[PDB]
């Protein structure tokens, strides 16, 4: 399922993002002088199951979760440097039931254990000066599709 997620907006998924689901996010650009850029996977109750905060200024990418009107939990971080590949950087999120797997363009995957047991009904995108294009292309799979040789 193809979606066009605009900056400071969200897309309501036709089907819940649940175990086995795959979300491939791709940008048509990389604004080197962009600021903090966020992607959230929200439950129907608007809980933030997965919060991805890309902070080039802090040279870090932050992961977290929180209830609609609840506090954040302890953050999980990794260096921002050399993770994305210009000019079409991407982010891939896979739901493995008990945890999310996040892959950027380079390096090893990031594994984030779930903290809220619900599926996502929407994906939101936030930024004052996005590191990426608006909108971003988002292909959501109900399962991993057949792979090409390379």
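Positions refer to the first chain, counted from 1.
The PDB entry reports B-factors from which the mean C-alpha value can be compared for 101 to 109 and 46 to 54; the larger average falls on 101 to 109. Remark: residue 61 belongs to the middle third of its chain, ranked by C-alpha B-factor as recorded. In this PDB entry, the Cα temperature factor of residue 34 sits in the top third of its chain's modelled residues, the highest group. Remark: residue 93 belongs to the lowest third of its chain, ranked by C-alpha B-factor as recorded. In the PDB entry, residue 128 places in the highest third of its chain by CA B-factor. Per the PDB record, residue ranking by Cα B-factor puts residue 122 in the lowest third of the chain.
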